[PDB]
Amino acid sequence: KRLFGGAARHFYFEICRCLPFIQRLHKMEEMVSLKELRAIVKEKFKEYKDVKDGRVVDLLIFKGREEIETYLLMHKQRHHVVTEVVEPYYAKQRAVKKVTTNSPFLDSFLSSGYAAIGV
Amino acid sequence: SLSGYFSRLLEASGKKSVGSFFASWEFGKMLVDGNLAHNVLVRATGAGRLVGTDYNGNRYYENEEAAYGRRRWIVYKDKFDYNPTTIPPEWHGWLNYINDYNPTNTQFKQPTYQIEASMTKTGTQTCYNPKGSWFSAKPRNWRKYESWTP
Amino acid sequence: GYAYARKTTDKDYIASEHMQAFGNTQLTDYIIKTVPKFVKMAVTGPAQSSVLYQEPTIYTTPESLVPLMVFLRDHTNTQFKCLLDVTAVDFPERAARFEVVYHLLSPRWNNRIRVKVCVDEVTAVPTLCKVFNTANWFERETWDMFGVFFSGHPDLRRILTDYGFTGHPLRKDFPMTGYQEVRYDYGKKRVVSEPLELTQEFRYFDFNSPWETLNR
Amino acid sequence: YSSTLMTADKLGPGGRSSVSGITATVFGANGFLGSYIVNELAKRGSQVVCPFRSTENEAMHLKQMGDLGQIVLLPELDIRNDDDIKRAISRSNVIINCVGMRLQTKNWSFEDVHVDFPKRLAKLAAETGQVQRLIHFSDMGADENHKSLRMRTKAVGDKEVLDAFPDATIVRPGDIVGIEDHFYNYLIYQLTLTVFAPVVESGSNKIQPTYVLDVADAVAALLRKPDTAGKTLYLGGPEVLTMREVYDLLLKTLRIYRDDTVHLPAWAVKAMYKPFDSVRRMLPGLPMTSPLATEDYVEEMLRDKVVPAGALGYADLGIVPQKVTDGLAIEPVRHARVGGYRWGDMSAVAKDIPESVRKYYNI
Amino acid sequence: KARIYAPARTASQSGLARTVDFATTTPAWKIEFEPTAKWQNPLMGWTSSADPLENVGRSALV
Amino acid sequence: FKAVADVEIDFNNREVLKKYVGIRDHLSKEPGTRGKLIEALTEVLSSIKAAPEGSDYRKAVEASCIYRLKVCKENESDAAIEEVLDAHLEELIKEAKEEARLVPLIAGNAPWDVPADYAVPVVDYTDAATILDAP
Amino acid sequence: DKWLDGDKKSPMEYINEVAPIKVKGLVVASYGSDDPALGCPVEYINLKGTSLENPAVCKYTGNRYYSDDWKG
Amino acid sequence: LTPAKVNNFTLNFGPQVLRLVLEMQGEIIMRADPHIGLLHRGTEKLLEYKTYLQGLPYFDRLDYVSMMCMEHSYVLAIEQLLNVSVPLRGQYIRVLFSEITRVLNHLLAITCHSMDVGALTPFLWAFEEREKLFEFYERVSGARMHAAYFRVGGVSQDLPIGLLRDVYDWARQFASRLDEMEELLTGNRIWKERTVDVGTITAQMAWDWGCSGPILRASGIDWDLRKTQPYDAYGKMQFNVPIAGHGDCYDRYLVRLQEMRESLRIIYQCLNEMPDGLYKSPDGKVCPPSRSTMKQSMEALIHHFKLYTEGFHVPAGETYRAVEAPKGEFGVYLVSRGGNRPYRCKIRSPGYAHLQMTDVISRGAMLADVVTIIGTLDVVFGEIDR
Amino acid sequence: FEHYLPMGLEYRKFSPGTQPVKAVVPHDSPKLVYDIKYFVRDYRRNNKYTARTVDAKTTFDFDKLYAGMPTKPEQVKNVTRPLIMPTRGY
Amino acid sequence: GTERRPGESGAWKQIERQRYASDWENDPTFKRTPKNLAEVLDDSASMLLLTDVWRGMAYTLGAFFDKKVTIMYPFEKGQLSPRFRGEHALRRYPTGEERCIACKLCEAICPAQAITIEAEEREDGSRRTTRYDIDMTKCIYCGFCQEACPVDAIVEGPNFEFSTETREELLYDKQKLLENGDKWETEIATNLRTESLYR
Ligand SMILES: NC(=O)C1=CN([C@@H]2O[C@H](COP(=O)(O)OP(=O)(O)OC[C@H]3O[C@@H](n4cnc5c(N)ncnc54)[C@H](OP(=O)(O)O)[C@@H]3O)[C@@H](O)[C@H]2O)C=CC1
Ligand code: SF4
Ligand code: SF4
């Protein structure tokens, strides 16, 4: 009924099911709600929306299971949440509608002699 | 032998009298440093003999009757700021049980460019710093080319 | 269980003559004749056990790896009760870039063996936990270091890299120093990974002479 | 000079191994604001000089903040001696001062810290001739016609620095919040560990508290912008609140069910603090003394302390001030209440309590 | 971008082993990347860079 | 080998050694006899009949069982069988049971089903000393 | 000047203070020390056409040598 | 596929470098999940960018308790593919120093196990002999721990004159030191009650769990690589094999002590049979020549230049070799492409296999015995995490 | 019972840098001093691998295999443990 | 002794087994049952009144009145050998010229990548270094540099007490290495006069 049986939507549904416990255990009550957390997880999925092998999708889902599981046993401390979860959201909603009228090519030229790499 | 004990104590402490010793600030610091006091009062005062004296004034003693690894010991002249870095290398090998050669029995070859031993300057602002350090006399810009000036 | 202490006297000998001669000259042929379907390629190598003998090496599909291991552990002539380790090698030139390696020890007859399966990045490898308990952590480490998947495993997850580490460092394409470096920030009061930067960049030296014949 | 400071010698993307080509000396670096300022400058790849008066024990935290050879520690600084100051800025084209005092001492008065030393520092900076940016700090509540002696000294020192160095940039932030700040921590030491909390008059005076990391990014932007040289910039949060409102929100944060604050006339507060302020001199200073028990604080609480209309602020820097009432800046103060798992007796917190628990307690 | 090529024989030597001549004998095709910004250490003068793909090709990819 | 206990142990009585090495505790509390090994070998020979007569695996297993049965027949004292087979009787019982258990999986998978022209590449390693040392 | 700082005596000045050495023969052997294993690899240096004014300097140790044997 | 639901029991055993998570229904352990990798230095990938001689010090810091054993396996793996014969005197020296290293590993292991149990005197007492053997190491290689002494085709340097004298002098009283060491725990009811019948392991599980070294010997298993697959001069050596049959911590303790006794016996035998002759393989194209030879000969100078810059080119191939390590069986898998750097070097560590037995062994035990399990396992995370 | 920590001169009497006797360490084989030919002794570059024939239509007579095995306590032969690894004269 | 007893087993499965099965009796390593009043009294003296702690106690007490191996640093040092690999240093020739000729063998051999070398021809035509730096914070003190150098230029000196308060002080340059060599030359030369018979 869906591409490759739609395992991706099942994985997303499972992670969304497990999401609120992460919010309560990691004290994200005063930063986020369930909705925009779900939006974050959704945007994580969009990185590989154009994969054409079911096997690659299966391995992606398995590695995502490992990531969410090491999220579950608190193996990644609050600093991981800071560096990957809520501060990126604050930056995304924070630099909205920037006042720079220059083209990205000209931005790169005014930046340095090489393009920026890494996060 | 009390007289021999006091003679050894005077000749090791470097003072002139027991009154000069017990009233000196070195004795007072010996009342707070147990290692230094042990040097002054126990190890140097036992059976054994002096070996020689370096140009820093430190004294070297050996006791063949002692067990291995504890036959040789040195008294630093600088009673308040004793430091192993001031021992000259020509005594370093005999002190470290690496060779059985000392200036009193071995005539080494002295290079004309030989730099003497002294205390370390670590922790001070006068210590060595790399040429790209802010403490250096003239900062270095290690760019491997010449910039054109109008 | 085998290799029990039987003799109360000192032993000046290693194994028996007939068994050693078979295991060193006709063992590979016995393996070939027994299960030729399980056999795909045969190499008798430098004899892991001892410098003076020969020992075989096995190549096969992942499909029949489990029954082959079962026979190799359970056969009356091949009592390989000790699986030393499971690892893999990267061959980026090949269509299948991975050569998973399986090593066995036979204390019953003082022998050893190597078993290899060649696979690509997207093919499952049935787990050998049901055959050997130790394969669990070896499969875990192999997956962590290369991404080699093992189907049917109880819980296959990283064991050696960082908690949030993505990527397999022992891959040939994986950078020696990587992509990310980690440092503490006073402002955020948190230890954070940052893009990798080096005060002195690594120096690679090309010593390989243009005259060497052994290059392969 | 305009942008050659931040552009000429910039080497690398801007990381720790990168080189910004910027040499600066920060005074009061081991202080609360100066520590974050130095950590912000060096992390972009700049050379930082840190002369200090306090212990090296209190200063070792600054050593980690820079790479090999970019943290300069100058012990035994004497603000009355210009030799150490000349050595401190002998290579830096940027000067930043955060040396500040909140209580008078028998060995240092308000004038000595806030007027003469910055004046001589600016004089020596102009004498150097290679300095491009002189960054000075003051209070938002600084005004020459204030009864508060510290605010008056601050304003006088700002005017003196401006006259001495035309191109120095003046920064006057308000309340600055942080983990080790002098605003929330003393408020906690007054709400807790104390029998009662005095509040000056109605306490409806309006202040605009701000966050330290915004100040650090502000310093970075000020170094980036050339036009800000020779000007005055005021820093404040996106909200205007009174002392009563701040106290109420703090009590909510601490979830204290007992309002221990009291509204008292200013003369009563002065008489409370009169005996310990006439003995402030002839004393080497004492620990565990809040800066709040002074008459100058009372005079501060009788006036509003917010950004002036038309003043140069965060918007001029393209900087949006983050929320101070809540957010990541409020987590450290929440660690007084650890964020709240089982602390206290509170029931009004039933809003955030999980679902099944409230049906267990039937509300 | 990446460069797929085989390095040419060095003029310093008459050796031909590490050349296309023995192509079937040894893997001799290399993948490289454009060099990235590099500078020097202010304190020592050592070459400083941030390239993740600085040497992984010239050392391994054959 | 060397016993670890400070006491003197005769070890010439085989059951005393069996107690020391813990065969009674970890492998088999019951003492293994020649008859049990005979039963196990006969069961293996009966079990191997699921394989086709044309399979070499069946041939090899049959040869091993025949050799073991000849050893059991020609030897009376169980210690003699231990000396011949370089192990203990209980070990051989476990071996025979394992070999019998191996049969059903092999029958279910049948590795002998290969084409008549099935090809096995063979690579052999030759030492340098073969041509270098004295022939 | 690239590596040495101050007015300390340079190695160039040190070696410039050693007069050339007169040795019989046409080829000299330089080891850098009395015992060969403690110095540099042995070097054979030509001595013909060399004088006190124009001697042959060691490429390993910088020591100079000459011989008045080449009919001069 | 799995929720959390029931939190209930939760534990955290140590960030300080073993991390342990356990599961108890009370006072008795039901599950134990170690987490490792806090010492994973990624050496195997790092090996690929180093020459064979360059990568040798990596093997010093894999088991920093036992070093020469770690060197020996890699050296043998290189030499077998290189087809190089080792001289007799070099084999004697290798075996003797390996026995001394095994003695050090046993000493430190038993003392640490005692300190974890609660005995502090043997710790301090045995570290004196450990310092003696460190002095022995420094005399012969100039390093106390990371000697880098073993070389492809022999050793770096010959033994200095007067060393065997002090070796024999040390052996003359090492037995007395061991005897006084035993009396503190051997005849003690407390030590036994702490160690007896804790962590019982079978031969079938051990061969299923890939055990090696003394743990294997305590299960009634007759196995020594030095007697089944001998290397160098171990075949000539005559010594006994301690054998236990309970799989007990006390049994492993006694087995290690008797192993120390046998090591001393082998040390004596090596001391009285030291031969005179070459200590390095005579192949200069692999082995570096003498400095005296280098400084007076063009050919040796050229070989010193080439080997110390590029190194010898191992022929393409593969091999795996293992050594009877004091902590078990230490093996290294070598993959050769034909160049001067090993293409792929996999390292097998016995402690890593032993560490995998915690969950099944710690079942039915108590928190006072987890430390016992770790101590008797004799595990170094340097080899466990590479 | 032997005592730890011997007194002076009973242990490590001479420091390593002051050996009473000069050390003569050989560094070449006397057989190879003047006969320096190498091809007779290049084991490394002379090893061989060969691809044997397709081992498909072979006849493995297990009869001959099991005919060479013993049948009694006697007649049992064991391969002795080698004393040392090969040295080739050095 | 190494014997075992019922109740002295530290478990429950074994304890429950032995109190409900005589399996331990078949084990010879368990101490056999007393058979008379004398043996019963011996067993009671074994269990009660300690008599096992007493021996170790007495041995430790004898250790109390025994000698010690403690040394008084810094006024006493340990024993070391000429082969000791310590602080890297640069050596000269007795006339005063640097031994290092910038053959870069040391940098090539160093697996630590801690050696940075730049060099050119000197004004006199001599081949000398222009930059000679070794990172001690990165140097592993393996001594492979000392093995590779064919002119005995780079040596690990007998100096090992050179810890610094800052990490920058350990970034050794050419000048500091030459200073160290000039300081420690005599000791290094004396050690070489011994090590030459082995190296
Ligand atoms: N909300 C705020 O905190 C506001 C801050 N400011 C300004 O910010 C600056 C720092 O704020 P904060 O850091 O929070 O206050 P701190 O008290 O935390 O910083 C104090 C610093 O001043 C140094 N100092 C003071 N007097 C002397 C002196 N006589 N000689 C040497 N050093 C001296 C201290 O050194 P030591 O540690 O040895 O005392 C310390 O480093 C101050 O100048 C203040 O005026 C302006 C407006 C509001
Ligand atoms: S120290 Fe020695 S090996 Fe290194 S460059 Fe100088 S001469 Fe060559
Ligand atoms: S001792 Fe080792 S790490 Fe140090 S410089 Fe020499 S080769 Fe490099």
# chains A, B, ... in the order shown; residues from 1 in each chain; ligands from 1
call {"tool": "interface_residues", "arguments": {"of": "chain E", "to": "chain H", "cutoff": "10 Å", "atoms": "only C-alpha atoms", "output": "PDB file with C-alpha atoms, in the first residue's frame"}}
result
ATOM      1  CA  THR E  26      48.931  -3.204  -8.475  1.00  0.00           C
ATOM      2  CA  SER E  59      47.206   7.369   1.467  1.00  0.00           C
ATOM      3  CA  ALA E  60      44.397   4.801   1.149  1.00  0.00           C
TER       4      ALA E  60
END
call {"tool": "residues_near_ligand", "arguments": {"ligand": "ligand 3", "cutoff": "10 Å", "atoms": "only C-alpha atoms and all ligand atoms", "output": "PyMOL selection string"}}
result
(chain H and resi 54+57) or (chain J and resi 85-89+105-116+133-149+154-156)
call {"tool": "atom_distance", "arguments": {"atom1": "atom CA of residue J:43", "atom2": "atom CA of residue F:10"}}
result
24.3 Å
call {"tool": "interface_residues", "arguments": {"of": "chain A", "to": "chain C", "cutoff": "9 Å", "atoms": "only C-alpha atoms", "output": "list in words"}}
result
residues 55, 56, 59, 62, 63, 66, 67, 70, 75, 76, 78, 79, 80, 82, 83, 117, 118 and 119 of chain A
call {"tool": "write_last_selection", "arguments": {"atoms": "N, CA and C atoms", "output": "PDB file, in the first residue's frame"}}
result
ATOM      1  N   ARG A  55      16.879  -1.805   1.383  1.00  0.00           N
ATOM      2  CA  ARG A  55      17.913  -2.240   2.314  1.00  0.00           C
ATOM      3  C   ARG A  55      18.555  -1.055   3.025  1.00  0.00           C
ATOM      4  N   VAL A  56      18.857   0.005   2.275  1.00  0.00           N
ATOM      5  CA  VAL A  56      19.445   1.194   2.879  1.00  0.00           C
ATOM      6  C   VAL A  56      18.481   1.806   3.881  1.00  0.00           C
ATOM      7  N   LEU A  59      18.627  -0.261   7.070  1.00  0.00           N
ATOM      8  CA  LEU A  59      19.802   0.023   7.889  1.00  0.00           C
ATOM      9  C   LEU A  59      19.717   1.410   8.521  1.00  0.00           C
ATOM     10  N   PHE A  62      17.532   0.964  11.448  1.00  0.00           N
ATOM     11  CA  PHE A  62      18.225   0.262  12.524  1.00  0.00           C
ATOM     12  C   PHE A  62      19.173   1.195  13.274  1.00  0.00           C
ATOM     13  N   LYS A  63      19.922   2.022  12.541  1.00  0.00           N
ATOM     14  CA  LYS A  63      20.801   2.980  13.204  1.00  0.00           C
ATOM     15  C   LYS A  63      20.000   4.036  13.956  1.00  0.00           C
ATOM     16  N   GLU A  66      19.124   2.528  17.163  1.00  0.00           N
ATOM     17  CA  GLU A  66      20.233   2.614  18.109  1.00  0.00           C
ATOM     18  C   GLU A  66      20.351   4.011  18.700  1.00  0.00           C
ATOM     19  N   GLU A  67      20.195   5.042  17.868  1.00  0.00           N
ATOM     20  CA  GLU A  67      20.279   6.413  18.363  1.00  0.00           C
ATOM     21  C   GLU A  67      19.179   6.693  19.381  1.00  0.00           C
ATOM     22  N   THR A  70      19.999   4.698  22.692  1.00  0.00           N
ATOM     23  CA  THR A  70      20.988   5.381  23.516  1.00  0.00           C
ATOM     24  C   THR A  70      20.465   6.720  24.018  1.00  0.00           C
ATOM     25  N   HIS A  75      22.325   7.571  27.923  1.00  0.00           N
ATOM     26  CA  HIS A  75      23.759   7.485  27.673  1.00  0.00           C
ATOM     27  C   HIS A  75      24.323   8.781  27.113  1.00  0.00           C
ATOM     28  N   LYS A  76      23.507   9.568  26.422  1.00  0.00           N
ATOM     29  CA  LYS A  76      23.890  10.896  25.966  1.00  0.00           C
ATOM     30  C   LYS A  76      23.323  11.904  26.954  1.00  0.00           C
ATOM     31  N   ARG A  78      22.684  15.652  29.062  1.00  0.00           N
ATOM     32  CA  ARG A  78      21.934  16.842  28.686  1.00  0.00           C
ATOM     33  C   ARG A  78      22.679  17.679  27.657  1.00  0.00           C
ATOM     34  N   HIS A  79      24.014  17.613  27.646  1.00  0.00           N
ATOM     35  CA  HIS A  79      24.780  18.413  26.696  1.00  0.00           C
ATOM     36  C   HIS A  79      24.505  17.979  25.262  1.00  0.00           C
ATOM     37  N   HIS A  80      24.277  16.682  25.042  1.00  0.00           N
ATOM     38  CA  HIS A  80      23.897  16.221  23.711  1.00  0.00           C
ATOM     39  C   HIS A  80      22.565  16.824  23.282  1.00  0.00           C
ATOM     40  N   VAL A  82      21.385  19.646  24.350  1.00  0.00           N
ATOM     41  CA  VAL A  82      21.685  21.052  24.096  1.00  0.00           C
ATOM     42  C   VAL A  82      22.254  21.232  22.695  1.00  0.00           C
ATOM     43  N   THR A  83      23.239  20.413  22.337  1.00  0.00           N
ATOM     44  CA  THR A  83      23.978  20.605  21.097  1.00  0.00           C
ATOM     45  C   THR A  83      23.250  20.089  19.861  1.00  0.00           C
ATOM     46  N   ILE A 117      32.792  24.491   5.877  1.00  0.00           N
ATOM     47  CA  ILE A 117      32.575  23.050   5.930  1.00  0.00           C
ATOM     48  C   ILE A 117      32.368  22.638   7.381  1.00  0.00           C
ATOM     49  N   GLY A 118      31.354  21.810   7.620  1.00  0.00           N
ATOM     50  CA  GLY A 118      31.102  21.254   8.930  1.00  0.00           C
ATOM     51  C   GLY A 118      30.147  22.089   9.765  1.00  0.00           C
ATOM     52  N   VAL A 119      29.670  21.473  10.840  1.00  0.00           N
ATOM     53  CA  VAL A 119      28.757  22.126  11.769  1.00  0.00           C
ATOM     54  C   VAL A 119      29.359  22.149  13.169  1.00  0.00           C
TER      55      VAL A 119
END
call {"tool": "residues_near_ligand", "arguments": {"ligand": "ligand 1", "cutoff": "8 Å", "atoms": "only C-alpha atoms and all ligand atoms", "output": "short mmCIF file (atom, residue, chain, number, x, y, z; two decimals) with N, CA and C atoms, in the first residue's frame"}}
result
data_model
loop_
_atom_site.label_atom_id
_atom_site.label_comp_id
_atom_site.auth_asym_id
_atom_site.auth_seq_id
_atom_site.Cartn_x
_atom_site.Cartn_y
_atom_site.Cartn_z
N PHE D 27 40.83 43.80 31.51
CA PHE D 27 41.02 44.09 32.92
C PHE D 27 39.75 43.73 33.68
N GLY D 28 39.91 43.04 34.80
CA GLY D 28 38.79 42.40 35.45
C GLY D 28 38.39 41.13 34.73
N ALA D 29 39.35 40.47 34.07
CA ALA D 29 39.05 39.29 33.27
C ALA D 29 38.50 38.16 34.13
N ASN D 30 39.11 37.92 35.30
CA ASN D 30 38.60 36.88 36.19
C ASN D 30 37.26 37.25 36.81
N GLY D 31 36.75 38.44 36.55
CA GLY D 31 35.43 38.82 37.02
C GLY D 31 34.35 38.09 36.26
N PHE D 32 33.11 38.31 36.71
CA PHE D 32 31.98 37.56 36.16
C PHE D 32 31.79 37.85 34.67
N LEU D 33 31.72 39.13 34.30
CA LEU D 33 31.53 39.49 32.90
C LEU D 33 32.81 39.32 32.09
N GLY D 34 33.95 39.69 32.67
CA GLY D 34 35.20 39.63 31.94
C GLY D 34 35.60 38.23 31.55
N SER D 35 35.26 37.24 32.39
CA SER D 35 35.57 35.86 32.06
C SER D 35 34.87 35.44 30.77
N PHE D 52 45.88 40.14 36.48
CA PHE D 52 44.96 39.86 37.57
C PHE D 52 45.56 40.30 38.90
N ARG D 53 44.67 40.63 39.83
CA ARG D 53 45.05 40.97 41.20
C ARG D 53 44.77 39.83 42.17
N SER D 54 43.74 39.04 41.91
CA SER D 54 43.34 37.97 42.82
C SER D 54 44.29 36.78 42.68
N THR D 55 43.93 35.67 43.31
CA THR D 55 44.78 34.50 43.33
C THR D 55 44.83 33.84 41.95
N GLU D 58 41.90 31.44 41.69
CA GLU D 58 40.69 31.98 41.09
C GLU D 58 40.85 32.25 39.60
N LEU D 77 49.11 42.45 39.55
CA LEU D 77 48.77 43.72 38.93
C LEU D 77 48.54 44.79 39.99
N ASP D 78 49.11 45.98 39.77
CA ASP D 78 48.88 47.14 40.62
C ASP D 78 48.22 48.22 39.79
N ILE D 79 46.96 48.54 40.10
CA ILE D 79 46.26 49.56 39.34
C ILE D 79 46.84 50.94 39.60
N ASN D 97 38.08 46.94 29.58
CA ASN D 97 38.12 47.09 31.03
C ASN D 97 36.80 46.63 31.63
N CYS D 98 36.89 45.82 32.69
CA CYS D 98 35.72 45.42 33.47
C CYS D 98 36.00 45.51 34.97
N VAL D 99 37.06 46.21 35.36
CA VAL D 99 37.38 46.36 36.77
C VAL D 99 36.31 47.22 37.42
N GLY D 100 35.53 46.61 38.31
CA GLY D 100 34.44 47.32 38.95
C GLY D 100 34.33 46.96 40.42
N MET D 101 33.79 47.91 41.18
CA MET D 101 33.59 47.73 42.61
C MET D 101 32.18 48.15 42.97
N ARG D 102 31.59 47.44 43.93
CA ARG D 102 30.25 47.74 44.40
C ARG D 102 30.20 48.24 45.83
N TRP D 108 40.55 50.95 48.88
CA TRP D 108 40.11 51.42 47.57
C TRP D 108 38.76 52.09 47.72
N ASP D 112 38.79 55.93 43.21
CA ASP D 112 40.05 55.31 42.82
C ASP D 112 39.85 54.25 41.75
N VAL D 113 38.77 53.48 41.85
CA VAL D 113 38.50 52.42 40.88
C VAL D 113 37.81 52.96 39.64
N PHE D 137 33.28 49.79 30.31
CA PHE D 137 32.01 49.31 30.83
C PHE D 137 31.53 50.21 31.96
N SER D 138 30.22 50.43 32.00
CA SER D 138 29.59 51.19 33.07
C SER D 138 28.21 50.60 33.32
N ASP D 139 27.44 51.25 34.19
CA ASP D 139 26.10 50.80 34.51
C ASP D 139 25.07 51.61 33.73
N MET D 140 23.94 50.96 33.44
CA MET D 140 22.81 51.66 32.85
C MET D 140 22.28 52.73 33.79
N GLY D 141 22.46 52.55 35.09
CA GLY D 141 21.99 53.52 36.07
C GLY D 141 23.01 54.59 36.39
N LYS D 154 30.86 56.29 38.22
CA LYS D 154 30.81 55.63 36.92
C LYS D 154 30.60 56.64 35.80
N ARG D 172 26.96 50.43 28.54
CA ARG D 172 26.24 50.59 29.81
C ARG D 172 25.10 49.58 29.86
N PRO D 173 25.40 48.32 30.16
CA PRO D 173 24.33 47.35 30.36
C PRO D 173 23.68 47.51 31.72
N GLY D 174 22.47 46.98 31.82
CA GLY D 174 21.72 46.97 33.06
C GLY D 174 22.04 45.75 33.90
N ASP D 175 21.00 45.19 34.51
CA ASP D 175 21.16 43.95 35.26
C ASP D 175 21.60 42.83 34.32
N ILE D 176 22.70 42.17 34.68
CA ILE D 176 23.23 41.07 33.89
C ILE D 176 23.04 39.79 34.69
N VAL D 177 22.43 38.79 34.06
CA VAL D 177 22.11 37.53 34.72
C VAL D 177 23.13 36.48 34.30
N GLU D 180 27.01 32.90 38.03
CA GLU D 180 27.69 33.51 39.16
C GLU D 180 27.48 35.02 39.22
N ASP D 181 26.33 35.50 38.75
CA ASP D 181 26.09 36.93 38.67
C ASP D 181 25.94 37.53 40.07
N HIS D 182 25.91 38.86 40.13
CA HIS D 182 25.68 39.59 41.37
C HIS D 182 24.26 40.13 41.47
N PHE D 183 23.33 39.56 40.71
CA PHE D 183 21.94 40.01 40.73
C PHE D 183 21.00 38.94 41.28
N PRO D 209 16.61 43.67 32.88
CA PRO D 209 17.71 42.72 33.03
C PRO D 209 18.10 42.07 31.70
#
call {"tool": "residues_around", "arguments": {"residues": "residue G:72", "least_positions_apart": "4", "cutoff": "10 Å", "atoms": "only C-alpha atoms", "output": "number ranges by chain"}}
result
G: 48-51, 67-68
call {"tool": "closest_atom_pairs", "arguments": {"of": "chain I", "to": "chain F", "cutoff": "8 Å", "atoms": "only C-alpha atoms", "output": "Markdown table"}}
result
| residue | atom | partner | partner_atom | distance |
| --- | --- | --- | --- | --- |
| I:40 | CA | F:132 | CA | 6.8 |
| I:41 | CA | F:132 | CA | 7.5 |
| I:43 | CA | F:128 | CA | 5.4 |
| I:44 | CA | F:128 | CA | 7.4 |
| I:46 | CA | F:128 | CA | 5.1 |
| I:47 | CA | F:128 | CA | 4.2 |
| I:48 | CA | F:126 | CA | 4.9 |
| I:49 | CA | F:125 | CA | 4.4 |
| I:50 | CA | F:124 | CA | 5.2 |
| I:51 | CA | F:123 | CA | 4.0 |
| I:52 | CA | F:122 | CA | 4.9 |
| I:53 | CA | F:122 | CA | 6.3 |
| I:54 | CA | F:120 | CA | 5.3 |
| I:55 | CA | F:120 | CA | 5.7 |
| I:56 | CA | F:119 | CA | 6.0 |
| I:62 | CA | F:60 | CA | 6.5 |
| I:63 | CA | F:63 | CA | 7.3 |
| I:66 | CA | F:67 | CA | 6.9 |
| I:70 | CA | F:84 | CA | 7.2 |
| I:71 | CA | F:71 | CA | 5.7 |
| I:72 | CA | F:84 | CA | 6.4 |
| I:73 | CA | F:80 | CA | 5.4 |
| I:76 | CA | F:84 | CA | 7.0 |
call {"tool": "interface_residues", "arguments": {"of": "chain G", "to": "chain J", "cutoff": "8 Å", "atoms": "only C-alpha atoms", "output": "ChimeraX atom specification"}}
result
/G:2-4,11-12,14-15,18,32,37-41,59-62
call {"tool": "write_last_selection", "arguments": {"atoms": "C-alpha atoms", "output": "JSON list (two decimals), in the first residue's frame"}}
result
[["chain", "number", "residue", "atom", "x", "y", "z"],
["G", 2, "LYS", "CA", 66.51, 32.08, 11.81],
["G", 3, "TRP", "CA", 66.97, 29.85, 14.87],
["G", 4, "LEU", "CA", 69.68, 31.45, 17.05],
["G", 11, "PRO", "CA", 78.64, 27.34, 15.43],
["G", 12, "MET", "CA", 80.04, 29.08, 12.34],
["G", 14, "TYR", "CA", 83.39, 28.13, 16.52],
["G", 15, "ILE", "CA", 84.51, 26.15, 13.46],
["G", 18, "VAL", "CA", 90.13, 25.86, 14.03],
["G", 32, "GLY", "CA", 84.52, 12.97, 13.35],
["G", 37, "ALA", "CA", 81.76, 4.54, 15.68],
["G", 38, "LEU", "CA", 81.27, 7.65, 17.84],
["G", 39, "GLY", "CA", 81.23, 10.17, 14.98],
["G", 40, "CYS", "CA", 80.18, 10.49, 11.34],
["G", 41, "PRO", "CA", 80.47, 8.02, 8.46],
["G", 59, "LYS", "CA", 81.50, 17.94, 4.47],
["G", 60, "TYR", "CA", 80.52, 16.04, 7.64],
["G", 61, "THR", "CA", 82.44, 17.83, 10.40],
["G", 62, "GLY", "CA", 83.72, 21.03, 8.78]]
